[PDB]
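Structure first, commentary second.
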Number of protein chains: 4
Amino acid sequence: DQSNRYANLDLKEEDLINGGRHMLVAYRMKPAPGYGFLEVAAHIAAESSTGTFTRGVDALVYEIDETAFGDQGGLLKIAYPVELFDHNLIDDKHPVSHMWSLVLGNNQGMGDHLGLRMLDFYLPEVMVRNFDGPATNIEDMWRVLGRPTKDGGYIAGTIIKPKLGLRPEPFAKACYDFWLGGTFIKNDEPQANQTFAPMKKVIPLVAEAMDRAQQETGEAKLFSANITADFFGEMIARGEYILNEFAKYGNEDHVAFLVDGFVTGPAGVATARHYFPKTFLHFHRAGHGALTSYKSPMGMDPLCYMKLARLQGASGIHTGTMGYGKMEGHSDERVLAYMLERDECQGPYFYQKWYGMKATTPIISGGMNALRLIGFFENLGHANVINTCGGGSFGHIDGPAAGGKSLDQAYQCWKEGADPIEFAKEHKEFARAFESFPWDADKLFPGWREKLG
Amino acid sequence: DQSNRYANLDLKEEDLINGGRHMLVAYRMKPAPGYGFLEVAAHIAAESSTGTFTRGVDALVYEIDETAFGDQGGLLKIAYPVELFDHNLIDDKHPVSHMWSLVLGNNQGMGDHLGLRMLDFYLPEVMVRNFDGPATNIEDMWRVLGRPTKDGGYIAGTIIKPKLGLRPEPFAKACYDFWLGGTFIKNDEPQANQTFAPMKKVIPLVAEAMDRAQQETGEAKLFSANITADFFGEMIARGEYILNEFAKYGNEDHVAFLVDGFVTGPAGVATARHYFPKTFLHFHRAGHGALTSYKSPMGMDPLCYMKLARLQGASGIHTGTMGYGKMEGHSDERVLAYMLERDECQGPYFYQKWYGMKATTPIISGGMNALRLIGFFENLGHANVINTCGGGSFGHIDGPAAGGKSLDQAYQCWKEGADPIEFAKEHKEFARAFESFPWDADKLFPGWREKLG
Amino acid sequence: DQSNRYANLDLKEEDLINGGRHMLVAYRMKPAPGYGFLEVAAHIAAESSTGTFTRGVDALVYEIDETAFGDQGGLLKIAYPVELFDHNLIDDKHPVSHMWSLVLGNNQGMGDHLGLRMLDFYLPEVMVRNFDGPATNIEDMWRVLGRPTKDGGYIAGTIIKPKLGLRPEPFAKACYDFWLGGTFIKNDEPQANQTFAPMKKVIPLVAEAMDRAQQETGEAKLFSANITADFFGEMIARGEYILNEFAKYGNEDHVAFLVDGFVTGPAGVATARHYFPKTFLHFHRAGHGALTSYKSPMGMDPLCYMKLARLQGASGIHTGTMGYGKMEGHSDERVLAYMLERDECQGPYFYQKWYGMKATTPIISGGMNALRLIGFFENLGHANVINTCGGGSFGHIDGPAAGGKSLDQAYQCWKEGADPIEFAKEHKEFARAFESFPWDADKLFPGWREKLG
Amino acid sequence: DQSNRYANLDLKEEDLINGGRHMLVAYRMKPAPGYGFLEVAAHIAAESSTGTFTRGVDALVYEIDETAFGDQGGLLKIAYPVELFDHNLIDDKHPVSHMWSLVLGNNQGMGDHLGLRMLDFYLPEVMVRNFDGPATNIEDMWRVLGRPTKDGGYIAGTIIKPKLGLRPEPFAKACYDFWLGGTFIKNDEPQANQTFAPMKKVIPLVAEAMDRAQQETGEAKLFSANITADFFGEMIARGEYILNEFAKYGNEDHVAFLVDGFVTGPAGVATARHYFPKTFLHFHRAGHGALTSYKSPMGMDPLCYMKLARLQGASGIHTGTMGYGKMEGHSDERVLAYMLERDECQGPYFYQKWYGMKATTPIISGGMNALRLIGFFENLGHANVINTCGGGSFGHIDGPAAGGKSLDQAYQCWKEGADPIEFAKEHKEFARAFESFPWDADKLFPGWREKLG
């Protein structure tokens, strides 16, 4: 019924993009029984904007394909005038929370559709330049590690098992054991200040373990510490406490902050981004599946969530192993990494320029090991990632330290374009990964058994 | 496979509840093809706790009914030791974000189920007493309005149309026009500091409109102002600016703060709750449908979201018209209101005591009017609600002020247990609501035409 | 030399005051050898404003009396255009820090005077209405105590001895012992989180002592807890921690916050005033003597410091016993109390209206006891003060609880206009104060020995 | 009377220092008539500590010289057990405010002395390591300027005249004019957000002037922007706003923050130090004369104030021209610079180690010019200072840009150990400073007229 006002299917998407005055959003939408696709689409545009000088700022349906997705619905595109979006009193920037409240707010509760899912969105220059974006990313880690800041490459990481329940001294010992070979360690997403492992007991022991490993290896080590909380004053207290403990050893810039960004919401990410901009903001997505799982016809696709994380200021975020590990996996998920790290990236429906906004670094995890990293790097096109390997490190038959080394050595091998089996003859930890995971070696490198003994 | 460790189906739920040492959660879960219900359930418990002294804090599957929901899956219940939950350094309280990250975190991304949905949860005394809870609710509005703080009753509200796009002077004029009869006005959820209606232009005009209406009517008026932002410093700036503008007229405690709590996340709600505890925190759910819509097999049921909002400190939150307005509606949704406002409430799977935690006030909206309010009150059992009526107020044939009066008069009629038609003979605005909405009057009060002329 | 620009002795002070566009300041100034009084005065005006459209905002010397103070110098008055003063981005209010930086900033370091002291200042309406002012004062304590909020009267307090060094349990015990008779207890100004009495050990014991005393007496008790710190995040952590501990007993609004406002500076007072406005801000002046002692020819007179404390938002501040206790004392210091608590007050050089800005409550201390309070009240004209008595309470021969009662009973006696000796016959604790301090009784009430036995 | 408890003149200062368990303070004190020097000294120790397990933490008088200062009093030294000092809940560090409240708090108001002045103090290692200290100093400016971070040398600055009153466009133009030759510009201490030059009008113009000057010169420029306020939320708003405006040109790390630290107090400095640690904190002392002027027998000597500023985290602070400019001046004030910038420094009574705490950079100002800088550098021993020259820059007969160059060229000449007159033959701006200030050239370089024409 509102299609006359809130729909203009004669608008051309290219004119909307070249004009630079609209945010565009593509959705998958399924009309409820009795309702027409255009009528529901126009209703969505109204609910997502002026709900009805007002004409100039109406959101407009400009494209529909009612049959695009068969029994899962059709394609819907809406243009949002940039004047709809809010501005901080302090710095005039757009809140992410506010943008979300328009393009995916009340329209998620409507009764005249059976599903409404964001697939992609386009931000014009005037909007992109008005979000925080990241302040820190892997480039700052490369600097702390003594690497080039251009293509400093791969950072070998792990997660400690059991992920929750270890008392303070056993946790610090596991950190030390790995840091004798590996580089990066993170808290588990709900590991913080439980009574059985209080923050102010475990953090001093971890700082001491870092110092010991660094003195014994001569190599710099990194720790990502959970500061998740609801209250900004608490997250400030956690971060300041942690940085001061690491500062007692000269290692304050070896600390990253883990923030469970989905369960805090954008406001919690913004607390860390604004108060601690120069501390790497490690965005943990725990819980995001409720919003982004393909099993839901609501919410948004993972690529959209990635774009929003970069705008909020994530220094790094989990992306996935892209079919080379042990999760949901296709080599074609590389677009999630590209959209996070490149200055420009083609998305499923919109080409996105980032106009110099800093990259968000992909954090790879999901049953990866040294043998698998070669194919993973080759598919991605680079190795500028952080990688947490649970079994790929502690599952090394020579121990977690050897596991960590075997991961670094996988990066060297790829970087050199060397033959993995020939490379292994001169690099023991990589060679011993073949024996640690021979099911994978038999597959990827048939013949290794004879060539390596 | 992990069922031996992470499942104990011999545990009795009543023993877990009477013991007071576990949070319990009920889920609807559908196993993926090839996986057994118990195996997946145990995997969920592991992923949601210790991921594997550790045995004492494992989450445990204690009840399953694999066929409870037919093709939508089965019922799964998990017990979480209270020792799993985090504690603020500052005040030892539990973060809501953290609790969410365990009971509905990584388990939302697992590949061995086709759906995992929270239906209800149980907090024992030791946990309930360790959340913020609300600091302010309708009782504080009753005080400002000169009402009894016991059963002060109904607050007549409206929303301004168009909800977004009005320039500052037309918006303030609409506020004045309604406040000559009604009491409560709110911003629209994305209405804030747009260039076409800057905060520092519209807020002074609204404060002036309140003052004028209060001087002309002798009655106190209320305004709920949007302070949504990502950054705590910005939300502080907005709130302090707004309170100071209303303070210039002596009306600072006539201000409530609207916070789009789903798109800010719990951290944004906590900013308002901690910095502005004595300013009514009006929680707007815009976007929550992605998490709570019944169209998704992920996320959580609305009742769970309501419980979480109270723990975070919402002073009020939208619940719905419960089948008496024009939305998704059943009289049985009254449990959402009861769980928000009562000191104790039976939920779908767990009885919940709140141990003196303040109520969160239901904010009713969705095509309500004066005629309909009688049946709505009778079903709910009380009228201690805030109610925003768009058409029920501005749709009054005598204008928004008359509409607002007709809503108050509906409360009086119910409160008096009077016959609505007899009551209308002595209350003109209520009587004129019959003519404003005669389709409803013909239905609810057949005969009114003759008795009222 | 700059007298032609920065001096206009033809300006009339009454015209400057009635115009409402200037802050005026009176100083005592002593020229250095070789310099003329007017030349130095004009230099001060230049240094305190434009240092030289600029003419419209120059500060102007409008009155001088070179011989007013003999060998201590002369009188100097300067008019500051209100346009010179700063405005917060957030709420447009004047920072106290900024105002201080102009009227008493670089002019304190000049080499062409041997002394420059602020004696008084005048704020016009447009400025007074643009400072924070207090949010809380004794009226809020009266409410918590179940008193009338009009002239609720005297609050009997004490300080614990030794003021610093008591371990947590002995300190809480002393609090309990006094609270069985008295009402108000404060931390000592440097008593906070020392290793020998950690905050998180002593505060729970004090909260428990309050609860016990309140259950046993049926009377409400008050505690003023030190939250002094440099860092706003720490002061927030302290205040939230303390309020939560008292909230466990339902006594959160029985807490006041002590802030060492001179050593934090105005910024620290503002942290408490903005974050915790509804918690009584007990301003402790420790260290102010460097700025306000009459032994210095620099700085400002105590009356000026009092005015600044009210503008910053002190709920109460120490004033002194005004010659009725054991300190620097003259009955004429009552102007310090009047300037803090009245809506209008004559100062030494300027009449000051406060335009409804809340009172700052006088906190009396300095060797007062029940016998002395009568004359003190009569001189002041009221008893709306908080009073901490060290010896007047614990020095009671029947103990601190009896001492506290004897102080309340002194207020009752004055309030009743009763004869103190006749009153004592029917009030045992007051009567026993005569025996506790007979040197004072012999003086003030000759004959008591016979009439009371 | 309390000398038996609070005095132990048999203690040896060297034992107290080598033990590392006491802060020591030296004072000048004058007893009031009738009081003995030791009795008053012991009273001061009591008032400054336990006011009376308590014995172990008493402050102790360990040295007195009653005649040390003739009619100005005698010397008094007091030892403070480190256990007396407070600890943040967050990071366990000592608040400066709290330390001040003990060693120079209530003892400033006592009636049994006619003066009590801090001359020096000693912090042992355990205390020094427990203060914030600076996070940023001139080394970070050297990095932004492309200089070595070791001895990067002199930064040529100016102040704009008139210091207060310029509208936004004329102020930005003056900044541009100077930046074509000079490097560093600062706001005046009370210049901020006045109605005649609003922050959000002038700051964008200054950022644009920086960009233009940098594009035209190819050299990096620096601006120190006033963020002084009482309220931490306002100072955050100012700083974030300013950094974002400079970030629009890629110049966010070209910004320093000016904080009027005396009138905000330590709490305001801490806000900037904690929220903006990596932005150079330019501490402006406006008003400190009330506390540190030698005309007062109260307060503290400038050297003490300098030590406190470093502990609070000042990146730089004004010291003075040390007799080479036009102020209070003696070459021997170089100790103020040495105590701020060295890792170890002898003070008037105590040798102070800083244990790696970052330097606070001296900011030199007070009628300096290029000719005078040579002798100033030679006396100081280095040129690692920031220098604001009002007349030494704009007073150059060829303009402010030429003036700024002449200052840089003075540094080069000193650095080269070259003869100033010979150097001038090959450096025009330096040569033209001789003509700009020939009174100084005739004095310092007799003969220049003939050698340079």
Side-chain angles (χ1 to χ4, degrees), chain C residues 1-31 35-70 72-85 94 99-100 102-105 107 112-113 115-131 300-301 303-304 307-308 311 335 338-339 342-355 357, chain D residues 162 164-165 190 194-196:
Chain C
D1 43 297
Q2 311 158 279
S3 72
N4 272 351
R5 183 175 152 149
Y6 288 97
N8 185 354
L9 300 180
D10 288 331
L11 291 172
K12 295 191 163 203
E13 185 173 72
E14 66 264 35
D15 195 289
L16 293 168
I17 289 172
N18 292 327
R21 302 298 300 163
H22 292 80
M23 161 178 190
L24 313 172
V25 186
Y27 308 82
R28 175 176 312 107
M29 183 276 269
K30 193 175 164 154
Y35 295 96
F37 196 91
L38 183 56
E39 167 198 358
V40 175
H43 191 191
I44 291 168
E47 274 287 293
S48 304
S49 60
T50 51
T52 282
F53 153 79
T54 311
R55 289 289 309 245
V57 295
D58 295 336
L60 300 178
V61 181
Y62 68 93
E63 180 186 340
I64 63 172
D65 179 7
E66 159 164 39
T67 60
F69 305 113
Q72 286 328 291
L75 177 66
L76 159 60
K77 293 159 151 182
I78 293 166
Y80 292 89
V82 292
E83 293 89 354
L84 287 169
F85 296 100
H94 296 305
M99 172 175 71
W100 190 331
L102 281 181
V103 307
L104 207 71
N107 67 32
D112 52 345
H113 65 65
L116 179 61
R117 171 106 163 180
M118 205 163 51
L119 308 179
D120 202 355
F121 64 83
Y122 174 76
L123 297 176
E125 181 170 359
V126 68
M127 299 204 42
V128 175
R129 281 191 194 278
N130 223 30
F131 286 93
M300 83 188 58
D301 275 351
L303 180 133
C304 292
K307 289 186 82 169
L308 295 175
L311 298 171
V335 66
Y338 298 164
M339 185 63 75
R342 293 193 183 178
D343 195 50
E344 317 186 13
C345 193
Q346 182 69 62
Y349 292 91
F350 304 114
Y351 189 86
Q352 183 70 67
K353 297 169 63 57
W354 293 94
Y355 307 94
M357 181 174 283
Chain D
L164 189 58
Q194 283 86 1
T195 52
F196 55 80

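All chains are named by letter (A, B, ...) in the order of the sequence lines, taking the proteins before the strands, and each is independently numbered beginning at 1. The figures that follow rest on heavy atoms only: side chains count, while hydrogens, waters and symmetry mates do not.
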Subject >> Cation-pi, C:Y349 ring and C:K77 (6.0 angstrom, 45 degrees) >> reply: no
Original post:
Is there a side-chain contact between C:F69 and C:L119, using heavy atoms and a 4.5 Å cut-off?
Top reply: yes
Original post:
Side chains of C:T50 and C:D58: do they bring a donor and an acceptor to under 3.5 Å?
Top reply: yes
**OP:** Report the distance from atom CE of C:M29 to atom CE of C:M118, rounding to the nearest 0.5 Å.
**Re:** 16.0 Å
Original post:
Around C:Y35, counting heavy atoms of other residues, nucleotides and ligands shown, do more than 12 lie under 6.0 Å from its OH?
Top reply: no
**OP:** Considering non-hydrogen atoms only, spot the tightest contact between C:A45 and C:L60 and give its length.
**Re:** CB-N, 4.4 Å
**OP:** Enter the distance from C:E83:CD to C:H22:NE2 here, rounded to the nearest 0.5 Å.
**Re:** 7.5 Å
Subject >> Contact check, side chains of C:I44 and C:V61, non-hydrogen atoms, under 4.5 Å >> reply: no
Subject >> Pairwise distance CG(C:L116) to OG(C:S48) - rounded to 0.5 angstrom >> reply: 7.5 Å
Original post:
Would you say C:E125 and C:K353 make side-chain contact, with heavy atoms under 4.5 Å?
Top reply: no
Original post:
Going by heavy atoms in the side chains, are C:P124 and C:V82 under 4.5 Å from each other?
Top reply: yes
Subject >> Closest heavy-atom pair and its distance - C:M357, C:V128 >> reply: CE-O, 3.5 Å
Subject >> From CA spacing to verdict: side chain to side chain contact (heavy atoms under 4.5 Å, CB included), C:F121, C:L308 >> reply: CA-CA 10 Å; C:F121 64 83; C:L308 295 175; 3.9 Å; yes
**OP:** Please answer whether the main-chain N or O of C:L123 pairs with a side-chain N or O of C:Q352 as donor and acceptor at a distance below 3.5 Å.
**Re:** yes
Original post:
Which pair of heavy atoms, one from C:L311 and one from C:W354, lies closest together, and at what distance?
Top reply: CD2-CZ3, 3.8 Å
Subject >> Closest approach of C:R129 to C:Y355 (non-hydrogen atoms, all atoms of both residues) >> reply: NH1-O, 3.6 Å
**OP:** Could you check C:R21 against C:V126 for side chain to side chain contact (heavy atoms under 4.5 Å, CB included), going step by step and ending with a plain yes or no?
**Re:** CA-CA 8 Å; C:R21 302 298 300 163; C:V126 68; 4.3 Å; yes
**OP:** Answer whether the closest heavy-atom distance between the side chains of D:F196 and C:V57 falls below 4.5 Å.
**Re:** yes
Original post:
Below 4.5 Å, heavy atoms only, C-beta onward: do C:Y80 and C:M99 meet side chain to side chain?
Top reply: no
Original post:
Distance from C:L16 atom CG to C:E63 atom CD, nearest 0.5 Å?
Top reply: 10.5 Å
Original post:
Any idea which heavy atoms bring C:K30 and C:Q72 closest together, and the distance?
Top reply: CB-O, 4.0 Å
Subject >> Check against side chain to side chain contact (heavy atoms under 4.5 Å, CB included), C:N107 and C:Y27 >> reply: CA-CA 11 Å; C:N107 67 32; C:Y27 308 82; 4.2 Å; yes
**OP:** Drop me the distance from C:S49's OG to C:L84's CG, to the nearest 0.5 angstrom.
**Re:** 6.0 Å
Original post:
Below 4.5 Å, heavy atoms only, C-beta onward: do C:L24 and C:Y62 meet side chain to side chain?
Top reply: yes
Original post:
Any donor-acceptor pair under 3.5 Å linking the side chain of C:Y6 with the backbone of C:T52?
Top reply: yes
Original post:
Is there side-chain contact between C:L102 and C:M23, with heavy atoms separated by less than 4.5 Å?
Top reply: no
Subject >> Least distance between heavy atoms, D:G165 atom then C:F53 atom >> reply: O-CD2, 3.0 Å
**OP:** Measure the CG-CG distance between C:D120 and C:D301 for me, rounded to the nearest 0.5 Å.
**Re:** 8.5 Å
